[PDB]
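Written below as structure tokens is the structure these notes are about.
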């Protein structure tokens, strides 16, 4: 039932080639993936000799980067020097280039402590690990394990069965949002449900789909300033966005509940919002709907940006459209034909910030539905501002709300950083907000239609299911990764004992110029018998567990390998030379695609 299960170590041969095909057996691709790294260091620290320091050194370097003030890092660098450079130089066990050493030297004697410092060393730890070291990881038991997880990573479809849904969190336009738990692990995520029916009604299919695309373009890398996507899946009628769990409402609500905000309080909000934008702009994405009600709060009082639906990718094609809520739009958006980038966000920002101090949108001097009056106030006027603000806040707002593209903050120069520097933000260390180490101003208190659905609409929702690799990994690693590794280490050492004194099956695949060996099911009228197959470049054998392979299906009698769908599963159809037909069922999607290819290659070359 509930708990997560690991597929056995024999999965190996199949996985290894699956990966290999996609060229994902590089040092790099594997160090980057959070479990890839974690398993690599576990192999280095326990089993290999010359690996030990290289890793402990790396891990210590990461901690240094992560430190905050000038004086914690000052100390940390010293120890590193002594321990991993100096003392290692005494017994010349230091394998690093001349130029490298001398960078760190010339710094530590001058007390200068940037977090980048240990970089040129970083790169050479990679270096030494990339070559030989990595190859022994390849053959290692820890690689075997890596496969095990990655398998399961790739085999992960979702239904509501995979969620224990708790409470309602407030509606969207196309349906509601809940809070829940993934019973896999037991993280707390939120669930945005869009009902397809509704999306067909409002012609928001363009939105619904775009919301998807954006969400995936953003969530890579870790952010705390964006509602972040961790999965995407659908049941016949419901869309599902597994999202970051965000509780105490939107800024809009709290603006109405608290009232206008003190200068210092806006600052905090501003900061975070800014950081958020930056992240988006770095993936070449423009939000466009920067507005009070799109900013959510967690229990602890910080914030994130939310509805990406109305956002865009400008990587190749810059937009000319008019998308946003009418109070907060830059001149560029509003105009018919003019192309813009991030710029429109920066304006939108100002407007929203303004609102947090004053109660209204900057151009909204009370016209309810008359959009054109908010639009012309934008174009002829950059609005005059009272004496209650500091001369410092005054120049931050006046520089943001320039009706020119060129003259405004966040445009012609460094972009996101231009804003970070204007004298309003003089009293902040910018990494401090990035850690969310500041205190928040507001800790939030203790909280239809009968139309049917085509097939033509349903095919707009394949190529939507998504599992953003990285996210999943994280989740695992905070909670179960560790005690599921040692539990299976227990199940695999018990599997080796039940076979020895009963005479182990002198493995007969590790002796021949074989090609692959994985688990499958086959048919004879309607049962499914589960068997273990062995693929040589001219035959395909099989044994039951206790015997030596009695049966074979040879390559030259195979006429066409195809895929079918037997009760909504994917399966393999093997046409034979008497007219005969034979069927294969796999467990894990990759497994399937690898048989599919390797059979199709072996029979093409066995018939040559």
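All Cβ positions, even for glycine, are placed from backbone atoms using ideal geometry, and neighbour counts span all protein chains on display. Each answer follows from the model by the rule given with it, or from the source it names; these are not laboratory values.
Quick notes
- Just one of the listed residues (81, 40, 57) is closer than 24 Å to residue 472 by Cα and either surrounded by 20 or more Cβ atoms within 10 Å (Cβ to Cβ) or touching a helix residue (DSSP H, G or I) at 6+ places or on another chain (Cβ under 9 Å) (or both), and it is 40.
- Hits in the range 9-33 - residues which are part of a loop (DSSP other than H, G, I, E, B) and surrounded by 13 or more Cβ atoms within 10 Å (Cβ to Cβ): 24, 25, 33
- Selection within the range 372-388 - part of a loop (DSSP other than H, G, I, E, B) and surrounded by 11 or more Cβ atoms within 10 Å (Cβ to Cβ): 381, 382, 383, 385
- Residue that is nearest to residue 424 (Cα to Cα), among those in the range 276-291 that are touching a helix residue (DSSP H, G or I) at 6+ places or on another chain (Cβ under 6 Å) and surrounded by fewer than 21 Cβ atoms within 10 Å (Cβ to Cβ): 278
- Restricting attention to the range 134-157, the residues that are farther than 21 Å from residue 485 by Cβ and assigned to a helix (DSSP H, G or I) total 1.
- Unique residue being more than 22 Å from the chain's Cα centre (by Cα) and over 18 Å from residue 132 (Cβ atoms) when the list is 14, 55: 14
Rundown of residues vs (1) closer than 20 Å to residue 143 by Cβ; (2) over 27 Å from the mean Cα position of the chain (by Cα), yes/no style:
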position	(1), (2)
465	no, no
471	no, no
481	yes, no
484	yes, no
488	yes, no
495	yes, yes
500	no, yes
511	no, yes
517	yes, yes
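- Residue satisfying all of: in the range 459-474; in a helix (DSSP H, G or I) and in contact with a helix residue (DSSP H, G or I) (Cβ under 9 Å, 6 or more places away or on another chain); farthest from residue 188 (Cα to Cα) among these: 460
- Test: residue in the range 134-151 that is touching a strand residue (DSSP E or B) at 6+ places or on another chain (Cβ under 9 Å), surrounded by 14 or more Cβ atoms within 10 Å (Cβ to Cβ), closer than 30 Å to residue 466 by Cβ and not assigned by CATH to the domain that holds residue 309: no
- Residues of the range 213-225 that are outside any loop (DSSP other than H, G, I, E, B) and crowded, with 22+ Cβ neighbours inside 10 Å: 214, 215, 218.
- Breaking point among (1) over 19 Å from residue 352 (Cβ atoms); (2) outside any loop (DSSP other than H, G, I, E, B), for residue 436: (2)
- Of the strands (runs of 3 or more DSSP E) entirely within the range 499-549, those holding at least 1 residues that are surrounded by fewer than 15 Cβ atoms within 10 Å (Cβ to Cβ) occupy 519-524, 527-536.
- Residue that is nearest to residue 534 (Cα to Cα), among those in the range 555-583 that are in contact with a helix residue (DSSP H, G or I) (Cβ under 7 Å, 6 or more places away or on another chain) and surrounded by 12 or more Cβ atoms within 10 Å (Cβ to Cβ): 555
- Taking the conditions (1) part of a loop (DSSP other than H, G, I, E, B); (2) crowded, with 17+ Cβ neighbours inside 10 Å; (3) in contact with a helix residue (DSSP H, G or I) (Cβ under 6 Å, 6 or more places away or on another chain) in turn, residue 396 satisfies each one other than (1).
- Residues (surrounded by fewer than 19 Cβ atoms within 10 Å (Cβ to Cβ) and either outside any loop (DSSP other than H, G, I, E, B) or in contact with a helix residue (DSSP H, G or I) (Cβ under 8 Å, 6 or more places away or on another chain) (or both)) located in the range 335-355: 338, 339
- Failed condition for residue 431, given (1) surrounded by 16 or more Cβ atoms within 10 Å (Cβ to Cβ); (2) under 31 Å from the mean Cα position of the chain (by Cα); (3) in a helix (DSSP H, G or I): (1)
- Within the range 84-97, the set of residues being loosely packed, with under 15 Cβ neighbours inside 10 Å and outside any loop (DSSP other than H, G, I, E, B) comprises 86, 87, 89, 90.
- When residue 125 is tested against (1) within 27 Å of residue 31 (Cα to Cα); (2) over 30 Å from the mean Cα position of the chain (by Cα), just one condition goes unmet, and that condition is (2).
- Test result for residue 594, in a loop (DSSP other than H, G, I, E, B) and either within 24 Å of residue 17 (Cα to Cα) or under 31 Å from the mean Cα position of the chain (by Cα) (or both): no
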